[PDB]
Number of protein chains: 2
Amino acid sequence: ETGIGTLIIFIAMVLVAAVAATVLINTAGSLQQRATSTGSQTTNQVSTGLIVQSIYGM
Amino acid sequence: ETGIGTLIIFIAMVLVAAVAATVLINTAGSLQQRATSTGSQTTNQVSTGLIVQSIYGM
């Protein structure tokens, strides 16, 4: 009967959907750390600087 | 999955803002030295002079 064949494919459908879910989570986690670090590094880059007061010679 | 594309463009937005920041700082530093030197050179120019006391002939 059709009942047996339906159950077999059902298991396969669940496993496939889990794979695509894993890709999206892993990619978002990788891009999270890069975007956070870039923002913090740029903030330090703009604000920091050195200034010359006076120059003397002998 | 709108979250993925958001993070990618975010990185680019930060980098562009850093470029425009650099231009303004570099230009102000260049104009600083010219404006300082011109003031001091003019102060010397106005105040300095020579005077003739007396002239004799033989």
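Residues numbered from 1 in each chain as written, not as in the entry; some residues may be left out. Chains lettered and ligands numbered in written order. Part of a larger assembly, values for the part shown. Heavy atoms only, no water.

A.B. asks: Sorry, what's going on with the overall build of chain A here?
C.D. replies: Along chain A, the regular secondary structure elements total one helix and zero strands. Here the C-alpha radius of gyration of chain A, 29 Å, is well above what a compact globule of 58 residues would show, namely 10 Å. Based on the C-alpha atoms only, the size of chain A along its principal axes is roughly 105 × 15 × 5 Å. For chain A, the proportion of its 58 residues judged to be buried stands at 7%. Carbon together with sulfur atoms contributes 68% to the accessible area of chain A, which is approximately 5,400 Å² in total. (Helix = DSSP H or I, 4+ residues; strand = E, 2+ residues; numbered from the N terminus. Rg over C-alpha atoms; globule rule 2.2 N^0.38 Å. Buried < 20%, exposed > 50% of the residue type's maximum accessible area, 1.4 Å probe, protein only. Areas by Shrake-Rupley, 256 points an atom, 1.4 Å probe, with all protein chains shown as cover.)

A.B. asks: It is not clear to me how the interface of chain A and chain B should be interpreted in this structure. Could you clarify?
C.D. replies: By convention, interface size is frequently given as the accessible area that disappears when the constituent parts associate. Each side of the interface is counted separately: chain A has nine residues, and chain B has ten residues. In total, chain A and chain B occlude about 840 Å² of area from one another, counting both sides; carbon and sulfur atoms represent 87% of this. Summed over the shared surface of chain A and chain B, the number is zero salt bridges. Tallied by class, residues from the side of chain A that touches chain B come to five nonpolar, three polar and one charged. (Contact = heavy atoms within 4.5 Å. Buried area = accessible area lost by both parts, 1.4 Å probe. Salt bridge = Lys/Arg side-chain N within 4 Å of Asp/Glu carboxyl O. Nonpolar A, V, L, I, M, F, W, Y, C, P; charged D, E, K, R; others polar.)

A.B. asks: How do you make sense of a nonpolar patch on the surface when you look at a structure like this?
C.D. replies: Judged by side-chain polarity, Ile4(A), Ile8(A), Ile9(A) and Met13(A) come together as a nonpolar surface patch covering roughly 460 Å² of accessible area. Positionally, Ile8(A) belongs in helix α1 (residues 2-47). (Patch = residues over 30% accessible without salt bridge, like charges linked within 9 Å, V, L, I, M, F, W, Y side chains within 5 Å.)

A.B. asks: Can you help me understand α1(A) in this one?
C.D. replies: Side chains that are three or four residues apart share a direction in an α-helix, a result of its 3.6 residues per turn. Its 46 residues give α1(A) an end-to-end C-alpha distance of 69 Å, which sits within 8% of 68 Å, the value for a rise of 1.5 Å per residue. By the burial criterion, the buried members of α1(A) are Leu31(A), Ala35(A), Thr38(A) and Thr42(A). Of the surrounding secondary structure, the elements contacted by the buried residues of α1(A) are α1 (2-47) of chain B. (Expected span 1.5 Å × (residues − 1).)

A.B. asks: Looking at this structure, I do not really get α1(B). What am I missing?
C.D. replies: Every buried residue of α1(B) is listed here: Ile4(B), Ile11(B), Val14(B), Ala18(B) and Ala21(B). On its buried face, α1(B) sits against α1 of chain A.

A.B. asks: Looking at this structure, I do not really get the packing of α1(A) against α1(B). What am I missing?
C.D. replies: Between two packed helices, both the angle of their axes relative to each other and the distance between the axes serve to describe the pair. Interaxial distance between α1(A) and α1(B) falls to 9 Å at its minimum, and their mutual angle equals 10°. With respect to α1(B), the axis of α1(A) lies roughly parallel. For the element pair α1(A) and α1(B), the recorded crossing hand is left-handed. Along its contact with α1(A), which presents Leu24(A), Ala28(A), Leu31(A), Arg34(A), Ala35(A), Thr38(A), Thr42(A), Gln45(A) and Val46(A), the element α1(B) presents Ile4(B), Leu7(B), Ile8(B), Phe10(B), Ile11(B), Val14(B), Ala18(B), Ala21(B) and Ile25(B). Here the contact of α1(A) with α1(B) is composed, by residue class, of 14 nonpolar, three polar and one charged. (Axes fitted to C-alpha atoms, helices over the stretch in contact; angles between N-to-C directions. Parallel < 35°, antiparallel > 145°, perpendicular 65-115°, else oblique. Left-handed = near helix turned anticlockwise from the far one by under 90°.)

A.B. asks: Please explain the side chain of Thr42(A) as it appears in this structure.
C.D. replies: Residues and elements named next belong to chain A. Its location among the elements puts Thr42 in helix α1. According to the relative accessible area criterion, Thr42 is buried, its value standing at 15%. Only 2.7 Å separates the side chain of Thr42 from the backbone oxygen of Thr38, close enough to count as a polar contact. (Polar contact = N/O pair within 3.5 Å; in protein donor to acceptor, adjacent residues only side chain to side chain.)

A.B. asks: Explain the environment of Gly3(A) here, please?
C.D. replies: Its location among the elements puts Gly3(A) in helix α1. Judged by its relative accessible area of 39%, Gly3(A) falls in the partly exposed class.

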